[PDB]
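Beneath this line is the structure, given in structure tokens, with notes to follow.
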Protein chains: 2
Amino acid sequence: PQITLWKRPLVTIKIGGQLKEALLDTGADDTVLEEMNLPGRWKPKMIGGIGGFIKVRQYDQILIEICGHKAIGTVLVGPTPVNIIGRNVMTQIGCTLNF
Amino acid sequence: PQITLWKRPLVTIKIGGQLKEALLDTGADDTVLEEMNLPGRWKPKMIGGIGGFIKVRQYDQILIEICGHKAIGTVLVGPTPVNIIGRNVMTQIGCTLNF
Ligand SMILES: CC(C)CN(C[C@@H](O)[C@H](Cc1ccccc1)NC(=O)O[C@H]1CO[C@H]2OCC[C@H]21)S(=O)(=O)c1ccc(N)cc1
């Protein structure tokens with residue numbers, strides 16, 4: 001779909017059999033989700049924002065479904081205030097910016 | 001133009017007579033710029049993100065020029081690691097997400 005930006009660009013994702021709302025974030029390099037129940041192994045990692053860093057668990061090769069599209073890639077799980085879909089996923093569903 | 005997301009959606013902006021590189025950030029409600037010399041009055045404000053919060057100076061009715069397109073609105077200045085063009089400006093230049 002085409003999405004204007006007068007509101008936050010929220011989309012419904014399905015990941016690990018769970019339904020969540022996440023922000024389409026062109027300013028995010030990778031995908032970060034609030035604390036969630038994901039299966040498998042993971043390697044620690046820290047990511048920085050506008051206020052500093054957070055420590056997260058990096059899961060590899062995780063299936064995400066967004067508004068009918070499917071993507072596999074790295075998902076970071078940690079104390080983010082909001083679920084964010086980063087560029088690593090949006091490239092796989094063909095998301096573009098247009099002005 | 002149309003912008004894929006395989007790399008950071010960086011653009012060049014003209015503000016306060018200065019040229020700067022900024023990241024088009026659909027995940028940012030407000031525009032936040034690194035420390036820079038801006039004229040006018042302002043009000044203190046704090047904004048939050050990944051890792052915590054930061055103190056910024058809130059400038060209102062500030063002119064921004066991106067790819068010729070002109071916008072006017074609130075510009076926050078403070079210790080952000082990256083210049084961010086938020087939804088408050090992208091809406092004025094007709095920016096949309098498309099997938
Ligand atoms: C977390 C969002 C709800 C809000 N953020 C916008 C977001 O795009 C930031 C904007 C951003 C971009 C670069 C550096 C700091 C902040 N990017 C970010 O945190 O991404 C991190 C996760 O993947 C990595 O990608 C880059 C940093 C990592 S934010 O920077 O904190 C922000 C919050 C409020 C306003 N008014 C303006 C900006």
Side-chain angles (χ1 to χ4, degrees), chain A residues 1-6 8-13 15 20-36 45-54 56 64 66-67 69 71 73-99, chain B residues 3-6 8-11 13 21-34 45-54 56 58 64 66 71 73-99:
Chain A
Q2 170 169 328
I3 307 179
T4 59
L5 298 170
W6 301 87
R8 286 191 305 162
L10 302 181
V11 297
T12 305
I13 74 180
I15 178 171
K20 295 172 171 302
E21 260 188 357
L23 196 66
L24 292 179
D25 197 349
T26 61
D29 303 339
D30 295 274
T31 291
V32 196
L33 303 176
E34 300 205 58
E35 193 56 56
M36 72 165 318
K45 251 201 45 171
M46 322 188 67
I47 64 177
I50 213 169
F53 286 65
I54 62 163
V56 308
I64 299 185
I66 299 162
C67 192
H69 295 66
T74 302
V75 175
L76 316 179
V77 190
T80 178
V82 180
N83 298 323
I84 290 155
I85 311 294
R87 291 185 301 99
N88 71 309
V89 166
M90 280 197 275
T91 51
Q92 303 174 240
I93 69 176
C95 210
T96 58
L97 269 172
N98 302 81
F99 69 97
Chain B
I3 307 177
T4 61
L5 300 172
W6 301 93
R8 289 160 294 150
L10 301 174
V11 291
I13 74 181
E21 191 83 77
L23 173 74
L24 289 177
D25 190 348
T26 58
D29 307 329
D30 315 305
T31 292
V32 184
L33 304 174
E34 294 191 283
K45 185 168 163 56
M46 291 269 170
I47 64 173
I50 282 193
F53 73 85
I54 61 156
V56 310
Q58 172 172 336
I64 298 204
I66 295 134
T74 307
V75 175
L76 314 178
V77 193
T80 177
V82 175
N83 296 326
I84 285 160
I85 307 300
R87 294 189 297 102
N88 68 308
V89 163
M90 280 189 279
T91 51
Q92 280 187 69
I93 67 178
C95 212
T96 67
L97 273 173
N98 300 76
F99 71 101

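These values consider heavy atoms only, across backbone and side chains, with no hydrogens, waters or symmetry-generated copies. A note on names: the letters A, B, ... follow the listed sequences, proteins ahead of strands, and every chain is numbered from 1.
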Show, in sequence, the C-alpha distance, side-chain angles and deciding distance for A/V32 and A/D30, and conclude whether the side chain to side chain contact (heavy atoms under 4.5 Å, CB included) test is met. CA-CA 7 Å; A/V32 196; A/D30 295 274; 5.7 Å; no
Side-chain contact, heavy-atom cut-off 4.5 Å: B/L97 with A/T26? yes
Heavy-atom side-chain contact between A/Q2 and A/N98 under 4.5 Å: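 They are not in side-chain contact.
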Testing the basics here: between [X] and [Y], what is the closest heavy-atom pair and its distance to 0.1 Å?
X     : Y     : value
B/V56 : B/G78 : CG1-CA, 4.0 Å
B/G73 : B/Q92 : N-NE2, 4.3 Å
A/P81 : B/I50 : CD-CG1, 4.3 Å

Could you give the distance from [atom1] ([X]) to [atom2] ([Y]), rounded to the nearest 0.5 Å?
X     : Y     : atom1 : atom2 : answer
B/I66 : B/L24 : CD1   : CG    : 7.0 Å
B/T74 : B/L76 : OG1   : CG    : 7.0 Å
B/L10 : B/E21 : CG    : CD    : 4.5 Å
A/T4  : B/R87 : OG1   : CZ    : 9.5 Å
B/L23 : A/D29 : CG    : CG    : 8.0 Å
A/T80 : A/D25 : OG1   : CG    : 9.0 Å

Go through it in stages, so that I can follow the logic: the residues are A/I13 and A/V89, the test is side chain to side chain contact (heavy atoms under 4.5 Å, CB included), and I'd like the CA-CA distance, side-chain angles, deciding distance and then a yes or no. CA-CA 11 Å; A/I13 74 180; A/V89 166; over 6 Å; no
Once side-chain contact (heavy atoms from CB on, under 4.5 Å) is applied, do any residues pair with A/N83, and if so which ones, sequence neighbours excluded?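 Only A/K20, A/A22, A/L33, A/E34 meet the side-chain contact (heavy atoms from CB on, under 4.5 Å) criterion with A/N83.
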Applying side chain to side chain contact (heavy atoms under 4.5 Å, CB included) to A/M36 and A/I15, what does each step give before you reach the verdict? CA-CA 10 Å; A/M36 72 165 318; A/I15 178 171; 3.8 Å; yes
Non-neighbouring partners of A/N88 that pass side-chain hydrogen bond (donor to acceptor under 3.5 Å, both in side chains), sequence neighbours left out: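 A/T31.
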Just to verify, which of A/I93, A/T91, A/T96 counts as forming a side-chain contact (heavy atoms from CB on, under 4.5 Å) with B/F99?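 With B/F99 as partner, A/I93, A/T91, A/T96 yield a single side-chain contact (heavy atoms from CB on, under 4.5 Å), made by A/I93.
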